[PDB]
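Working notes, structure below.
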Amino acid sequence: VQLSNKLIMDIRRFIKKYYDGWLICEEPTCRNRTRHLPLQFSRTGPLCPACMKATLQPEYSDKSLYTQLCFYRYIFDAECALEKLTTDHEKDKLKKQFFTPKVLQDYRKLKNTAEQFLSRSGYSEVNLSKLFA
Amino acid sequence: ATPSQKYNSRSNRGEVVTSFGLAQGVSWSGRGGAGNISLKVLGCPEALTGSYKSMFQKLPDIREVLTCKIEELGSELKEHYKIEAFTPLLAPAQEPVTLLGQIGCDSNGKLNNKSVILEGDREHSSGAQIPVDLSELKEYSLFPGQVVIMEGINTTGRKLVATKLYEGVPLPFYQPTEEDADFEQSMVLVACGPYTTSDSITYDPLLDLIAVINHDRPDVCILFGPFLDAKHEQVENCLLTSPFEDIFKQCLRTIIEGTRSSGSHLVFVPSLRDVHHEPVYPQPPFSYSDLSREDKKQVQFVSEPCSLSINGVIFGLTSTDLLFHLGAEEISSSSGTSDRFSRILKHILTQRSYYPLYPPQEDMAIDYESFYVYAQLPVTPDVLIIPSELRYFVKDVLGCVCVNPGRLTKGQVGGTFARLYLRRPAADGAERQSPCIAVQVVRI
Ligand SMILES: [Zn+2]
């Protein structure tokens with residue numbers, strides 16, 4: 001219960017950090033950090049308001065968030081952790097000594113705690129209409 | 001031991017803290033579940049049905065939402081005021097001209113009259129920004145994210161001096177049907193979280209709130225969050241022995257088996273401070289499967305925010321402290337004799353959205369993709385329910401009764417809840433006729 005609860009706070013902190021919307025200037029000399037998103041856009045994206053020739057980039061990219069969520073999912077995913085072993089004998093030895101059905105159920109509970117966030121809200125969904133039309 | 005001692009030691013229960021409309025006594029009581037009660041979701045695709053879509057925002061997608069938000073209001077105000085055409089921000093003009101844009105700040109600090117800038121629309125100004133000068137303006141009230149039409153002079157093309165500011169035009173009220181005029185007296189009890197004191201977990205405010213509900217026998221009971229506050233010290237210290245997911249079930253069944261005898265409909269609306277739920281604004285309706293056949297006829301889950309028609313009256317249900325969202329970062333020209341809560345309420349009612357503020361403050365997550373489709377006014381709601389950490393107040397602004405009962409519990413001192421009367425008067429008359437004649441905010 002405590003592990004899942006702390007995971008809940010950690011994931012909430014991460015998602016709020018992403019939605020904060022902090023942007024950073026790509027130019028090493030400028031390093032402009034603003035919360036307001038300018039409407040002046042360049043070819044690559046937003047244009048820095050301090051220096052006129054630079055592209056603002058998100059501080060926390062979606063790739064970083066997805067990688068963090070996948071890391072949290074993987075650290076409690078025993079199903080893929082057991083098949084990684086090259087030998088079936090060692091896998092069975094480790095499964096029958098500690099990975100009891102209750103232990104597997106708890107690990108799956110953590111995995112499902114992650115999967116509740118990873119299930120509907122996502123990034124792995126690709127809209128074909130936006131891609132073609 | 002020491003926890004919940006202060007809550008039990010107070011003996012000032014019973015007195016009303018404020019009332020609005022007509023004078024009423026203490027014996028507030030209704031028929032409960034008797035008669036016909038219509039609780040219907042109205043407006044856009046109803047209060048979003050699924051949980052959500054994603055948490056991945058393409059950067060070039062928020063711009064279209066912002067463009068639509070600016071352009072729809074600008075065109076509506078242009079048709080209302082019969083303005084011939086708009087002018088780009090960067091186009092110089094010696095003659096006075098009308099500009100269309102959004103108010104904003106040029107830094108990360110608090111907005112002031114000197115630092116007000118106007119950011120134009122993409123169709124006309126191609127997303128430009130110019131500072132504005134308010135010295136030559138008699139009356140104004142500006143906050144970031146407000147869409148207005150600004151009349152002024154822009155000679156050098158880099159600064160716009162105001163001459164006149166157009167007043168926001170609210171959307172026309174809902175048109176009652178002939179069926180809505182045949183109903184009887186209706187009661188709407190409203191309570192808002194938190195439901196416990198800031199140092200104990202006995203949930204005693206929830207318990208005596210349920211007791212008040214049972215004694216009142218009301219018709220509708222609207223419960224706002226946070227049922228599980230995200231700022232409660234035990235929440236972030238992970239000292240509990242039960243998951244907040246299960247803490248949700250016991251909190252639900254508390255009210256469920258506490259209000260079975262009353263028989264009143266329950267409308268549970270989440271809040272952004274609900275730690276256990278998805279932190280997205282707007283927030284989806286709560287998920288709960290342990291509901292019996294009797295309970296499903298009395299328990300209804302509505303998303304946050306939403307516009308719900310109760311007995312033909314459009315109640316605007318929102319859990320965000322929108323008063324603190326707006327008035328904390330808004331400027332004005334008059335401060336001697338002016339009503340603040342009223343002007344923020346008017347600004348909320350005129351911008352045709354549930355959250356005009358752009359940008360928001362440091363800590364609250366909004367997904368802009370569904371903001372355009374699930375955070376707008378279909379019609380001007382007849383009653384606004386806007387809880388706030390500020391003082392409770394019920395006021396009539398723009399012919400609409402706005403109610404702010406505040407929190408049920410405020411730290412170690414008790415808060416307030418509200419009860420409202422509603423009926424449909426005769427259709428004929430002097431047009432505007434508020435269905436909610438009587439409101440009464442009483443502390444728990
Ligand atoms: Zn820069």
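Every chain in the structure tokens has a letter given in the order shown (A, B, ...), and although residue numbers restart at 1 in each chain, ligands are simply numbered from 1 in the order shown.
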
Would you list the contacts of residue 132 of chain B as a list in words, taking every protein, DNA or RNA residue within 10 Å and counting only C-alpha atoms, but skipping same-chain residues closer than 6 positions in sequence?
->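 That gives residues 103, 113, 114, 115, 116, 117, 118, 150, 152, 153, 154, 158, 159, 160, 161 and 162 of chain B.
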
For those residues, write C-alpha atoms to a file as a short mmCIF file (atom, residue, chain, number, x, y, z; two decimals), in the first residue's frame.
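Below is the file part35.cif, written as the result:
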```cif
data_model
loop_
_atom_site.label_atom_id
_atom_site.label_comp_id
_atom_site.auth_asym_id
_atom_site.auth_seq_id
_atom_site.Cartn_x
_atom_site.Cartn_y
_atom_site.Cartn_z
CA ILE B 103 -4.50 41.10 -22.35
CA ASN B 113 -1.07 48.93 -15.35
CA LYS B 114 2.33 49.90 -16.77
CA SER B 115 3.13 46.41 -18.08
CA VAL B 116 -0.15 45.55 -19.83
CA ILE B 117 0.36 44.20 -23.35
CA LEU B 118 -2.11 43.18 -26.05
CA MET B 150 -9.71 47.93 -27.43
CA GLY B 152 -7.24 53.53 -29.15
CA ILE B 153 -4.46 55.24 -31.06
CA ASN B 154 -1.34 53.50 -32.41
CA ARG B 158 4.85 49.96 -31.06
CA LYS B 159 2.44 51.23 -28.38
CA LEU B 160 -1.35 51.58 -28.23
CA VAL B 161 -2.91 54.31 -26.08
CA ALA B 162 -6.45 53.57 -24.90
#
```

Contact check, chain A to ligand 1, at most 6 Å, counting only C-alpha atoms and all ligand atoms, closest pairs as JSON lines:
```
{"residue": "A:25", "atom": "CA", "partner": "ligand 1", "partner_atom_place_in_ligand_line": "1 (Zn)", "distance": 4.9}
{"residue": "A:30", "atom": "CA", "partner": "ligand 1", "partner_atom_place_in_ligand_line": "1 (Zn)", "distance": 4.6}
{"residue": "A:32", "atom": "CA", "partner": "ligand 1", "partner_atom_place_in_ligand_line": "1 (Zn)", "distance": 5.2}
{"residue": "A:48", "atom": "CA", "partner": "ligand 1", "partner_atom_place_in_ligand_line": "1 (Zn)", "distance": 4.6}
{"residue": "A:50", "atom": "CA", "partner": "ligand 1", "partner_atom_place_in_ligand_line": "1 (Zn)", "distance": 5.0}
{"residue": "A:51", "atom": "CA", "partner": "ligand 1", "partner_atom_place_in_ligand_line": "1 (Zn)", "distance": 4.0}
{"residue": "A:54", "atom": "CA", "partner": "ligand 1", "partner_atom_place_in_ligand_line": "1 (Zn)", "distance": 5.5}
```

What residues in chain A lie within 6 Å of chain B, counting only C-alpha atoms, written as number ranges by chain?
-> A: 1, 19, 39, 121-123

Would you save the residues from that selection as a PDB file, in the first residue's frame, using N, CA, C and O atoms?
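Generated output (out10.pdb):
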```pdb
ATOM      1  N   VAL A   1       0.832  -1.201   0.000  1.00  0.00           N
ATOM      2  CA  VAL A   1       0.000   0.000   0.000  1.00  0.00           C
ATOM      3  C   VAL A   1       0.868   1.252   0.000  1.00  0.00           C
ATOM      4  O   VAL A   1       0.645   2.183  -0.783  1.00  0.00           O
ATOM      5  N   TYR A  19       3.162  19.408 -17.201  1.00  0.00           N
ATOM      6  CA  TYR A  19       2.151  20.401 -17.546  1.00  0.00           C
ATOM      7  C   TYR A  19       2.498  21.812 -17.088  1.00  0.00           C
ATOM      8  O   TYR A  19       1.771  22.747 -17.440  1.00  0.00           O
ATOM      9  N   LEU A  39       3.442  33.682 -29.155  1.00  0.00           N
ATOM     10  CA  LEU A  39       2.743  33.348 -30.389  1.00  0.00           C
ATOM     11  C   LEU A  39       3.594  33.563 -31.632  1.00  0.00           C
ATOM     12  O   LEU A  39       3.152  33.219 -32.734  1.00  0.00           O
ATOM     13  N   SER A 121      -4.946   7.421 -21.179  1.00  0.00           N
ATOM     14  CA  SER A 121      -4.059   8.538 -21.467  1.00  0.00           C
ATOM     15  C   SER A 121      -2.723   7.998 -21.957  1.00  0.00           C
ATOM     16  O   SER A 121      -2.182   7.039 -21.400  1.00  0.00           O
ATOM     17  N   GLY A 122      -2.190   8.610 -23.008  1.00  0.00           N
ATOM     18  CA  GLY A 122      -1.038   8.020 -23.652  1.00  0.00           C
ATOM     19  C   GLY A 122      -0.211   8.918 -24.544  1.00  0.00           C
ATOM     20  O   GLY A 122       0.064  10.076 -24.214  1.00  0.00           O
ATOM     21  N   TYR A 123       0.148   8.379 -25.708  1.00  0.00           N
ATOM     22  CA  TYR A 123       1.277   8.821 -26.517  1.00  0.00           C
ATOM     23  C   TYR A 123       1.561   7.751 -27.558  1.00  0.00           C
ATOM     24  O   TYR A 123       2.111   8.034 -28.627  1.00  0.00           O
TER      25      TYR A 123
END
```

What is the atom CA of residue 179 of chain B to atom CA of residue 43 of chain B distance in Å?
->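 If I compute the distance from atom CA of residue 179 of chain B to atom CA of residue 43 of chain B, I get 18.5 Å.
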
Helix (DSSP H, G or I) positions in segment 178-285 of chain B, given as a PyMOL selection string = chain B and resi 180-182+204-216+233-236+244-258

Take the residues from that selection and write them out as a short mmCIF file (atom, residue, chain, number, x, y, z; two decimals), in the first residue's frame, keeping N, CA, C and O atoms.
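Output file result.cif is given in full below:
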```cif
data_model
loop_
_atom_site.label_atom_id
_atom_site.label_comp_id
_atom_site.auth_asym_id
_atom_site.auth_seq_id
_atom_site.Cartn_x
_atom_site.Cartn_y
_atom_site.Cartn_z
N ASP B 180 -40.96 22.83 -18.37
CA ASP B 180 -40.24 23.24 -17.18
C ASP B 180 -41.08 24.12 -16.25
O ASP B 180 -40.76 24.23 -15.07
N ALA B 181 -42.15 24.73 -16.77
CA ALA B 181 -42.98 25.63 -15.98
C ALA B 181 -44.06 24.91 -15.18
O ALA B 181 -44.79 25.56 -14.43
N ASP B 182 -44.17 23.59 -15.32
CA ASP B 182 -45.19 22.82 -14.63
C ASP B 182 -44.67 22.11 -13.39
O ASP B 182 -45.42 21.34 -12.77
N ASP B 204 -15.34 13.92 10.82
CA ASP B 204 -16.52 14.39 11.53
C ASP B 204 -17.31 15.46 10.78
O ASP B 204 -18.55 15.42 10.83
N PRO B 205 -16.69 16.44 10.10
CA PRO B 205 -17.49 17.33 9.25
C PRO B 205 -18.30 16.59 8.21
O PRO B 205 -19.45 16.96 7.95
N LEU B 206 -17.76 15.52 7.62
CA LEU B 206 -18.56 14.70 6.72
C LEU B 206 -19.73 14.06 7.46
O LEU B 206 -20.85 14.01 6.93
N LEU B 207 -19.50 13.59 8.68
CA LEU B 207 -20.55 12.90 9.43
C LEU B 207 -21.71 13.84 9.75
O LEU B 207 -22.88 13.52 9.50
N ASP B 208 -21.42 15.02 10.30
CA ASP B 208 -22.53 15.91 10.63
C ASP B 208 -23.09 16.60 9.39
O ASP B 208 -24.25 17.02 9.41
N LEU B 209 -22.33 16.67 8.29
CA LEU B 209 -22.93 17.07 7.02
C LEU B 209 -23.97 16.06 6.56
O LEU B 209 -25.05 16.43 6.11
N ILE B 210 -23.65 14.77 6.68
CA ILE B 210 -24.63 13.73 6.35
C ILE B 210 -25.83 13.82 7.27
O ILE B 210 -26.98 13.62 6.85
N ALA B 211 -25.59 14.10 8.55
CA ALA B 211 -26.70 14.27 9.49
C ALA B 211 -27.60 15.43 9.09
O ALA B 211 -28.83 15.33 9.15
N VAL B 212 -27.00 16.55 8.69
CA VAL B 212 -27.77 17.71 8.23
C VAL B 212 -28.56 17.36 6.97
O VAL B 212 -29.71 17.78 6.80
N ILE B 213 -27.95 16.58 6.07
CA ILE B 213 -28.66 16.15 4.87
C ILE B 213 -29.86 15.30 5.24
O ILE B 213 -30.96 15.47 4.69
N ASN B 214 -29.68 14.36 6.18
CA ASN B 214 -30.79 13.51 6.60
C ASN B 214 -31.91 14.31 7.24
O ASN B 214 -33.09 14.05 6.99
N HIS B 215 -31.56 15.29 8.07
CA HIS B 215 -32.59 16.09 8.74
C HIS B 215 -33.30 17.02 7.77
O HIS B 215 -34.50 17.28 7.91
N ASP B 216 -32.57 17.54 6.78
CA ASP B 216 -33.13 18.52 5.86
C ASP B 216 -34.15 17.89 4.91
O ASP B 216 -35.16 18.53 4.58
N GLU B 233 -1.80 17.08 5.40
CA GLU B 233 -0.42 16.76 5.74
C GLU B 233 -0.17 15.26 5.75
O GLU B 233 0.93 14.81 5.41
N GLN B 234 -1.17 14.46 6.13
CA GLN B 234 -0.99 13.02 6.13
C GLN B 234 -0.98 12.43 4.73
O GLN B 234 -0.50 11.30 4.54
N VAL B 235 -1.51 13.15 3.74
CA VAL B 235 -1.53 12.64 2.37
C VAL B 235 -0.11 12.57 1.80
O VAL B 235 0.29 11.56 1.22
N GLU B 236 0.67 13.63 1.98
CA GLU B 236 2.00 13.70 1.39
C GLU B 236 3.06 13.01 2.24
O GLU B 236 4.18 12.80 1.75
N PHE B 244 -5.27 5.48 -1.18
CA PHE B 244 -6.28 6.50 -1.43
C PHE B 244 -7.36 6.00 -2.38
O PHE B 244 -8.48 6.52 -2.38
N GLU B 245 -7.04 4.99 -3.19
CA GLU B 245 -8.07 4.36 -4.02
C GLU B 245 -9.14 3.70 -3.16
O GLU B 245 -10.34 3.84 -3.42
N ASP B 246 -8.72 2.99 -2.10
CA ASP B 246 -9.67 2.39 -1.17
C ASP B 246 -10.27 3.44 -0.24
O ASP B 246 -11.44 3.33 0.18
N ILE B 247 -9.47 4.45 0.12
CA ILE B 247 -9.99 5.57 0.89
C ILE B 247 -11.13 6.23 0.14
O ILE B 247 -12.07 6.76 0.74
N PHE B 248 -11.08 6.18 -1.19
CA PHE B 248 -12.20 6.67 -1.98
C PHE B 248 -13.45 5.82 -1.75
O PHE B 248 -14.55 6.36 -1.60
N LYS B 249 -13.30 4.49 -1.70
CA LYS B 249 -14.48 3.66 -1.49
C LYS B 249 -15.11 3.90 -0.12
O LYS B 249 -16.34 3.95 -0.01
N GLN B 250 -14.31 4.01 0.95
CA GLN B 250 -15.00 4.20 2.23
C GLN B 250 -15.63 5.59 2.31
O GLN B 250 -16.71 5.74 2.88
N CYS B 251 -14.98 6.60 1.72
CA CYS B 251 -15.59 7.93 1.68
C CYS B 251 -16.91 7.90 0.91
O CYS B 251 -17.90 8.51 1.35
N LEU B 252 -16.96 7.21 -0.22
CA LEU B 252 -18.22 7.08 -0.96
C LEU B 252 -19.28 6.36 -0.13
O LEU B 252 -20.38 6.89 0.07
N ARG B 253 -18.97 5.17 0.38
CA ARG B 253 -20.01 4.42 1.07
C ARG B 253 -20.47 5.11 2.34
O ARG B 253 -21.62 4.91 2.76
N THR B 254 -19.63 5.96 2.94
CA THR B 254 -20.10 6.78 4.06
C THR B 254 -21.37 7.54 3.68
O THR B 254 -22.43 7.32 4.28
N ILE B 255 -21.29 8.39 2.66
CA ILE B 255 -22.46 9.15 2.23
C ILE B 255 -23.54 8.21 1.69
O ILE B 255 -24.74 8.44 1.89
N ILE B 256 -23.14 7.14 1.00
CA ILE B 256 -24.12 6.26 0.36
C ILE B 256 -25.06 5.66 1.39
O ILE B 256 -26.29 5.72 1.24
N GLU B 257 -24.51 5.07 2.46
CA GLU B 257 -25.38 4.50 3.48
C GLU B 257 -25.82 5.54 4.51
O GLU B 257 -26.64 5.23 5.38
N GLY B 258 -25.28 6.76 4.45
CA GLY B 258 -25.78 7.81 5.32
C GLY B 258 -26.98 8.55 4.78
O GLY B 258 -27.74 9.13 5.56
#
```

For segment 66-76 of chain A, please output as a PDB file with N, CA, C and O atoms, in the first residue's frame all residues within 8 Å (counting only C-alpha atoms; exclusion window: fewer than 4 positions along the same chain).
```pdb
ATOM      1  N   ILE A  11       4.345  10.020  -9.471  1.00  0.00           N
ATOM      2  CA  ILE A  11       3.823  10.192 -10.820  1.00  0.00           C
ATOM      3  C   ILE A  11       3.033  11.489 -10.928  1.00  0.00           C
ATOM      4  O   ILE A  11       3.095  12.181 -11.953  1.00  0.00           O
ATOM      5  N   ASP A  62       8.099  15.284 -24.039  1.00  0.00           N
ATOM      6  CA  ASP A  62       7.194  14.149 -23.892  1.00  0.00           C
ATOM      7  C   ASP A  62       7.947  12.828 -23.886  1.00  0.00           C
ATOM      8  O   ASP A  62       7.521  11.872 -23.224  1.00  0.00           O
ATOM      9  N   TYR A 107       3.068  -7.813  -7.273  1.00  0.00           N
ATOM     10  CA  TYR A 107       3.816  -7.209  -8.370  1.00  0.00           C
ATOM     11  C   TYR A 107       2.882  -6.782  -9.496  1.00  0.00           C
ATOM     12  O   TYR A 107       3.052  -5.705 -10.082  1.00  0.00           O
ATOM     13  N   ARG A 108       1.880  -7.609  -9.805  1.00  0.00           N
ATOM     14  CA  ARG A 108       0.894  -7.239 -10.813  1.00  0.00           C
ATOM     15  C   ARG A 108       0.032  -6.077 -10.341  1.00  0.00           C
ATOM     16  O   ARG A 108      -0.458  -5.294 -11.157  1.00  0.00           O
ATOM     17  N   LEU A 110       1.201  -3.538  -8.508  1.00  0.00           N
ATOM     18  CA  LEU A 110       2.027  -2.374  -8.835  1.00  0.00           C
ATOM     19  C   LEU A 110       2.017  -2.098 -10.337  1.00  0.00           C
ATOM     20  O   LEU A 110       1.896  -0.939 -10.773  1.00  0.00           O
ATOM     21  N   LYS A 111       2.133  -3.155 -11.144  1.00  0.00           N
ATOM     22  CA  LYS A 111       2.118  -2.990 -12.592  1.00  0.00           C
ATOM     23  C   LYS A 111       0.792  -2.408 -13.065  1.00  0.00           C
ATOM     24  O   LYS A 111       0.762  -1.588 -13.984  1.00  0.00           O
ATOM     25  N   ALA A 114       0.593   1.290 -12.346  1.00  0.00           N
ATOM     26  CA  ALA A 114       1.200   2.016 -13.463  1.00  0.00           C
ATOM     27  C   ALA A 114       0.318   1.965 -14.710  1.00  0.00           C
ATOM     28  O   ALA A 114       0.201   2.955 -15.446  1.00  0.00           O
ATOM     29  N   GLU A 115      -0.317   0.819 -14.959  1.00  0.00           N
ATOM     30  CA  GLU A 115      -1.051   0.616 -16.202  1.00  0.00           C
ATOM     31  C   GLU A 115      -2.353   1.406 -16.214  1.00  0.00           C
ATOM     32  O   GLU A 115      -2.919   1.662 -17.280  1.00  0.00           O
ATOM     33  N   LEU A 118      -1.049   4.399 -17.710  1.00  0.00           N
ATOM     34  CA  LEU A 118      -0.542   4.104 -19.047  1.00  0.00           C
ATOM     35  C   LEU A 118      -1.608   3.588 -20.007  1.00  0.00           C
ATOM     36  O   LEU A 118      -1.302   3.392 -21.189  1.00  0.00           O
ATOM     37  N   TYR A 123       0.148   8.379 -25.708  1.00  0.00           N
ATOM     38  CA  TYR A 123       1.277   8.821 -26.517  1.00  0.00           C
ATOM     39  C   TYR A 123       1.561   7.751 -27.558  1.00  0.00           C
ATOM     40  O   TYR A 123       2.111   8.034 -28.627  1.00  0.00           O
TER      41      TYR A 123
END
```

Give me the residues within 7 Å of residue 59 of chain A as a ChimeraX atom specification, counting only C-alpha atoms and dropping any in the same chain fewer than 3 places off.
-> /A:22-24

d(atom CA of residue 100 of chain B, atom CA of residue 148 of chain B) in Å |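 According to the coordinates, atom CA of residue 100 of chain B and atom CA of residue 148 of chain B are separated by 6.6 Å.
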
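Here atom CA of residue 226 of chain B is placed at a distance of 8.4 Å from atom CA of residue 319 of chain B.
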
Using only C-alpha atoms, which residues sit within 10 Å of residue 104 of chain A once same-chain residues fewer than 6 positions away are excluded, as a count of residues only?
-> 6

Any idea what's packed within 10 Å of residue 163 of chain B, counting only C-alpha atoms, ignoring anything in its chain fewer than 5 positions away? Could you give it as a PyMOL selection string?
-> chain B and resi 96-98+133-138+150-153

Mind writing the picked residues with N, CA, C and O atoms as an mmCIF file, in the first residue's frame?
```
data_model
loop_
_atom_site.group_PDB
_atom_site.id
_atom_site.type_symbol
_atom_site.label_atom_id
_atom_site.label_comp_id
_atom_site.auth_asym_id
_atom_site.auth_seq_id
_atom_site.Cartn_x
_atom_site.Cartn_y
_atom_site.Cartn_z
ATOM 1 N N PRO B 96 -8.024 57.262 -34.728
ATOM 2 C CA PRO B 96 -8.360 56.220 -33.752
ATOM 3 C C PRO B 96 -8.874 54.964 -34.440
ATOM 4 O O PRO B 96 -9.654 55.028 -35.392
ATOM 5 N N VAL B 97 -8.425 53.809 -33.944
ATOM 6 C CA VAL B 97 -8.754 52.520 -34.533
ATOM 7 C C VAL B 97 -9.084 51.522 -33.430
ATOM 8 O O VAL B 97 -8.732 51.702 -32.262
ATOM 9 N N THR B 98 -9.760 50.448 -33.830
ATOM 10 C CA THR B 98 -10.172 49.383 -32.924
ATOM 11 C C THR B 98 -9.259 48.178 -33.123
ATOM 12 O O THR B 98 -9.036 47.744 -34.259
ATOM 13 N N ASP B 133 -1.158 51.669 -23.165
ATOM 14 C CA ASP B 133 -1.113 52.743 -22.181
ATOM 15 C C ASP B 133 -2.533 53.050 -21.727
ATOM 16 O O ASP B 133 -3.397 53.384 -22.548
ATOM 17 N N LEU B 134 -2.762 52.951 -20.418
ATOM 18 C CA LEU B 134 -4.079 53.106 -19.819
ATOM 19 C C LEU B 134 -4.283 54.479 -19.188
ATOM 20 O O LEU B 134 -5.278 54.682 -18.485
ATOM 21 N N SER B 135 -3.361 55.419 -19.416
ATOM 22 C CA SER B 135 -3.470 56.731 -18.786
ATOM 23 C C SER B 135 -4.703 57.484 -19.269
ATOM 24 O O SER B 135 -5.386 58.144 -18.477
ATOM 25 N N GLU B 136 -5.007 57.395 -20.563
ATOM 26 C CA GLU B 136 -6.122 58.120 -21.156
ATOM 27 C C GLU B 136 -7.435 57.346 -21.093
ATOM 28 O O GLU B 136 -8.366 57.661 -21.844
ATOM 29 N N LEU B 137 -7.532 56.346 -20.222
ATOM 30 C CA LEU B 137 -8.743 55.554 -20.059
ATOM 31 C C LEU B 137 -9.394 55.888 -18.725
ATOM 32 O O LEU B 137 -8.713 55.947 -17.694
ATOM 33 N N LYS B 138 -10.709 56.110 -18.747
ATOM 34 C CA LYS B 138 -11.422 56.493 -17.534
ATOM 35 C C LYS B 138 -11.669 55.294 -16.622
ATOM 36 O O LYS B 138 -11.354 55.340 -15.428
ATOM 37 N N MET B 150 -10.336 46.750 -28.009
ATOM 38 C CA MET B 150 -9.712 47.932 -27.428
ATOM 39 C C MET B 150 -9.661 49.052 -28.456
ATOM 40 O O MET B 150 -9.020 48.910 -29.499
ATOM 41 N N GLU B 151 -10.320 50.166 -28.160
ATOM 42 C CA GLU B 151 -10.305 51.331 -29.033
ATOM 43 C C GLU B 151 -9.186 52.261 -28.588
ATOM 44 O O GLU B 151 -9.072 52.575 -27.397
ATOM 45 N N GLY B 152 -8.358 52.691 -29.529
ATOM 46 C CA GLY B 152 -7.243 53.530 -29.149
ATOM 47 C C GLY B 152 -6.467 54.022 -30.347
ATOM 48 O O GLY B 152 -6.879 53.854 -31.497
ATOM 49 N N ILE B 153 -5.325 54.636 -30.052
ATOM 50 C CA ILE B 153 -4.458 55.240 -31.058
ATOM 51 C C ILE B 153 -3.119 54.518 -31.047
ATOM 52 O O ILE B 153 -2.534 54.293 -29.979
#
```
